[PDB]
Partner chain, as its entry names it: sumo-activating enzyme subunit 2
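Just one chain follows, in the form solved without its partner chain, and it is written as structure tokens.
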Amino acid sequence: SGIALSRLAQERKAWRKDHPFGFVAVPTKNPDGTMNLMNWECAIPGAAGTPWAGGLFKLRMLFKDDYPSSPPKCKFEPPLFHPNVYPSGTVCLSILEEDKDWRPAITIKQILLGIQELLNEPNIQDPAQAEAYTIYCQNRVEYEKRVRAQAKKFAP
């Protein structure tokens, strides 16, 4: 997809020039060793002063041939404990759905910062996983204890 590949090259150029500290976003490779702009390996650092602090959370960003008509699928690998992350690892976020808040102009930086924001502020009106959501609603202290354990587990 010429349109997708052209935009992804622009995203890569912009990201390399200016990106938030501690974040990573790099295209993967094809079997022949060439760059695969359709599949990116990324990492989001937990925000300082939050229960996520010190964690580095890996996720994959997968683009469809019609990007930027469609948002990428963003998937934590491995899956994370969080009310808006499906058990598969897929992130549930309004800007990541075409018929909700996705706009073609949204950048990879905006996506990764949006997901970082989501990590520390769940949206209780769109639960994606039963366990983290139930704990978040029933016992915030227990919820944060689980989050801190997870951040420690994913410390670099």
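Numbering follows the first chain given and starts at 1.
> Hey, which bit's got the bigger mean C-alpha B factor in the entry, 26 to 34 or 115 to 123?
So the stretch with the higher mean C-alpha B-factor is 26 to 34.
> Would you determine, from the values in the PDB entry, which of 95 to 103 and 56 to 64 has the greater average C-alpha temperature factor?
The stretch with the larger average C-alpha B-factor is 95 to 103.
> Based on the entry's values, in what third of the chain does the Cα temperature factor of residue 51 lie: lowest, middle or highest?
Within its chain, residue 51 is a highest-third residue by C-alpha B-factor, going by the deposited values.
There is another form of the same protein, the form deposited with its partner chain bound; it is not shown, and what comes next is about it.
> If you apply a 4.5 angstroms heavy atom cut-off, which residues in 1 to 22 are near its partner chain in the deposited complex?
1, 5, 12, 13, 16, 17, in sequence order.
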